[PDB]
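J.: return atomic coordinates for the entry below.
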Amino acid sequence: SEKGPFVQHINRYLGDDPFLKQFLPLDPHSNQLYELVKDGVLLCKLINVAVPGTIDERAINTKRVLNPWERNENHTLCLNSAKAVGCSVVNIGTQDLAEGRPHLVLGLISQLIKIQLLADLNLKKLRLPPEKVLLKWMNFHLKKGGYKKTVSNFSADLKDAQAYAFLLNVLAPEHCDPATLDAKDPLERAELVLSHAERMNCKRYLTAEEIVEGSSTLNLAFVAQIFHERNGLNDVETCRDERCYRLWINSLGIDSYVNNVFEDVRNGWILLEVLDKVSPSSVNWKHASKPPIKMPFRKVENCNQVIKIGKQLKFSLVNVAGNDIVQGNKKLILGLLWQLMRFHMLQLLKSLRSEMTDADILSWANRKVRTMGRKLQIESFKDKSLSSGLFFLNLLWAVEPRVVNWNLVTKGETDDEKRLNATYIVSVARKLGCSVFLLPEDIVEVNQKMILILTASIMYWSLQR
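T.: Numbers count the residues shown, from 1 in each chain. I have put the structure below:
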């Protein structure tokens, strides 16, 4: 039933796209949606609408006609990009997009809209969910707007359009319509509210009836849209790692979802799940307690098994124990996660045989590039020259020359040029099948740990061609 708003959403945010400009608008009553998704250009672009700068559009096969492979690349690039923004696509396959399965297409678009509308609510200018943060923002302006009532929900507290009218008058007074004051019926007030929003260029698409009926999901979106158009407002590696491992854990096929690794990992359950995935049958669930957990004993017990299995896998854990995870030791949590990530990567590569090391990966990359006739090599994954992005592009070109367009590549000199290749590298790698989560700046600044994993991931898919 959400097909309608989902279409209107696409038509409004992509209706001017140079490529999709001709295929839009789409009839929310017809099945044109499931047809425009088959090639893989639509969803890839929707993702950048949700989180700008995610996919380098230059890496998207944007031709009139596409081969069954140029088509498969877009979906590959799409699904891997979706994970990079927090989407749960562990059950959606590349062929499901090509065919256009509704329950999977709508389910995917649903997550993107959510990400698009509710993100940037924790990075603006602190334990409250995005929705509650939006409520604080709204009430903030309403206070100064002399609004008496307080908003605490997006259904009954908005049904009469009163709060909408005040808010809009506060954020965009130059678009005020005194007619709202003569509005007797709540529907009439809503229609005028929608107009006021249209004037300030919000890409609003809900109707006056959807406001009076108190539709919680539709109204929440509208309030977010107002915010994004006018908010009316006048140790950093820890934050990056938090995002990185959070995205990685959520793509492993785990049953729990991570919103914040530092917090959601304290009762030990999630870490046990990751361990069971990366090292099958390693966890003894008979001695573990499933959340919610109130009893602290059960928390400490889970974390102690986490540490035990960690040491059994030969990981490096000194002067720590289960209660360190429960206490939120970020230094230990990041250290344990890294080793888990590296362990899984090596195990994956190892399964391609018939005792992997970082050095074997370094050797493979250098050797792989030498087969194309190029002489550029690296001494390690910390090599300063990596920042240019030239090595990676050559390696990727070596793996599959068809995925690297050199007219699009630049020199790795200026910080801008490097930034450009980096973003291109991340998208091309995902286009191949690499499920990586490093940031473009991870290449420009040469984050050796992230470098290792990207390379190992390229290798992983190269050895299966």
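J.: list the buried residues for the longest helix along the chain?
T.: For the chain, the longest helix by residue count, based on DSSP state H, is helix 330-350. Buried residues in helix 330-350, counted by 16 or more other C-beta atoms under 10 Å: 332-346, 349. All C-beta atoms are positioned from the backbone trio N, CA, C, and that covers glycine.
J.: show me the contact partners of whichever helix or strand comes after it.
T.: Toward the C-terminal end, the helix or strand that comes next after helix 330-350 (DSSP states H and E) is helix 358-370. Residues from elsewhere that reach helix 358-370 (C-beta atoms under 8 Å, 6 or more residues apart in numbering): 349, 376-378, 380-381, 391, 394-395, 398-399, 452, 455-456, 458-459, 462.
J.: next up, the contacts around the most centrally placed residue in the chain.
T.: The centre of the chain sits closest to residue 85, judged by C-alpha atoms, centre = their mean, with a distance of 0.5 Å. Contacts for residue 85 were tallied using C-beta under 8 Å, 6+ apart; they are 47, 50, 51, 54, 112, 115.
J.: narrow these to just the buried residues.
T.: 47, 50, 51, 54, 112, 115.
J.: of all the residues you listed, which comes closest to residue 1?
T.: Relative to residue 1, the closest of the buried ones among the contacts of residue 85 is residue 112; by C-beta to C-beta it sits at 18.0 Å.
J.: list phi and psi for that closest one.
T.: phi -70, psi -40 (degrees, to the nearest 10).
J.: look up the closest residue to it, ignoring the ones flanking it.
T.: With sequence-adjacent residues excluded and distances taken as C-beta to C-beta, 6 or more residues apart in numbering, residue 112 is closest to residue 50, at 4.4 Å.
J.: from residue 267, how far out is the one you found?
T.: 30 Å (C-beta to C-beta, to the nearest Å).
J.: same question for residue 202.
T.: Applying C-beta to C-beta to residue 202 and residue 267 gives a distance of 41 Å.
J.: now residue 71
T.: Separation of residue 71 from residue 267 (C-beta to C-beta): 43 Å.
J.: show me the strands in the protein, by range?
T.: Assigned by DSSP state E, the strands in the chain number zero.
J.: so how far is residue 209 from the residue located most distally from the centre of it?
T.: Distance from the C-alpha centroid of the chain, by C-alpha atoms, centre = their mean, peaks at residue 182 (44.8 Å). From residue 182 over to residue 209 the distance is 20 Å, taken as C-beta to C-beta.
J.: before we move on, what about residue 265?
T.: Separation of residue 265 from residue 209 (C-beta to C-beta) stands at 44 Å.
J.: kindly report the same for residue 393.
T.: The value you get for residue 393 to residue 209, if C-beta to C-beta is used, is 53 Å.
J.: which of those two has more neighbours?
T.: Using other C-beta atoms under 10 Å as the criterion, residue 393 and residue 209 rank with residue 393 on top: 20 against 11.
J.: for the more buried one, what are its contacts?
T.: Here residue 393 is in contact with 404, 406, 409, 421, 424, 425, 428 (criterion: C-beta under 8 Å, 6+ apart).
J.: buried ones in stretch 447-455?
T.: 447, 449, 450, 451, 452, 453, 454, 455.
J.: for it, C-alpha coordinates in PDB please.
T.: C-alpha atoms of stretch 447-455 as PDB (Å, rounded to 0.1, in the frame of the first residue of the first chain):
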ATOM      1  CA  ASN A 447      44.600   3.900   6.700                       C
ATOM      2  CA  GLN A 448      46.600   0.700   6.500                       C
ATOM      3  CA  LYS A 449      44.000  -1.500   8.200                       C
ATOM      4  CA  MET A 450      41.400  -0.400   5.700                       C
ATOM      5  CA  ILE A 451      43.800  -0.700   2.900                       C
ATOM      6  CA  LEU A 452      44.500  -4.300   3.800                       C
ATOM      7  CA  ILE A 453      40.900  -5.300   3.800                       C
ATOM      8  CA  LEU A 454      40.000  -3.500   0.500                       C
ATOM      9  CA  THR A 455      42.900  -5.300  -1.300                       C
END
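J.: what's that stretch in contact with?
T.: By C-beta under 8 Å, 6+ apart, stretch 447-455 touches 244, 338, 341-342, 345, 358, 361-362, 364-365, 380-382, 386, 392, 395, 425, 429, 434, 436, 438, 442-443.
J.: can you check stretch 53-60 too?
T.: Here stretch 53-60 has contacts from 40-41, 44-45, 47-48, 74, 77, 81, 84-85, 403, 405, 408, 423-424, 426-428, 430-431, using C-beta under 8 Å, 6+ apart.
J.: and with 6 Å instead?
T.: Contact with stretch 53-60 is made by 44, 47, 48, 74, 81, 85, 408, 423, 424, 427, 428, 431, as judged by C-beta atoms under 6 Å, 6 or more residues apart in numbering.
J.: separation between the fourth one and residue 42?
T.: To tie it back to what came earlier, the one meant is residue 74. With C-beta to C-beta as the criterion, residue 74 and residue 42 are 9 Å apart.
J.: what residues do those two have in common as contacts?
T.: Counting by C-beta under 6 Å, 6+ apart, nothing touches both residue 74 and residue 42.
J.: contacting residues for residue 36?
T.: Residue 36 neighbours (C-beta under 6 Å, 6+ apart): 23, 42.
J.: so the protein: which segments form each domain?
T.: Per curated CATH domains, the structural domains of the chain span 1-125, 126-234, 235-354, 355-465.
J.: next, the distance between the ends of the longest one.
T.: Start-to-end span of domain 1-125 (C-alpha to C-alpha, to the nearest Å) is 36 Å.
J.: cool, and stretch 118-131?
T.: Stretch 118-131: ends 7 Å apart by C-alpha to C-alpha.
J.: could you export stretch 266-283 as CSV, CA atoms only?
T.: Extracted in CSV, the C-alpha atoms of stretch 266-283 (Å, rounded to 0.1, in the frame of the first residue of the first chain):
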residue,chain,number,x,y,z
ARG,A,266,27.8,-4.2,25.9
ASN,A,267,25.6,-7.2,26.8
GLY,A,268,27.8,-9.5,24.8
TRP,A,269,25.1,-11.1,22.6
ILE,A,270,25.9,-9.4,19.2
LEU,A,271,29.6,-10.2,19.6
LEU,A,272,28.7,-13.9,20.1
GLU,A,273,26.7,-13.8,16.9
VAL,A,274,29.6,-12.3,14.9
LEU,A,275,31.8,-15.0,16.4
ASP,A,276,29.4,-17.8,15.4
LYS,A,277,29.3,-16.4,11.8
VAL,A,278,33.1,-15.8,11.4
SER,A,279,33.9,-19.1,13.2
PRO,A,280,31.0,-21.6,12.9
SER,A,281,30.1,-23.7,15.9
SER,A,282,32.6,-21.7,18.0
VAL,A,283,29.9,-20.4,20.4
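J.: which of the residues in that stretch are buried?
T.: Of all the residues in stretch 266-283, those buried under the rule 16+ other C-beta under 10 Å are 266-279, 282-283.
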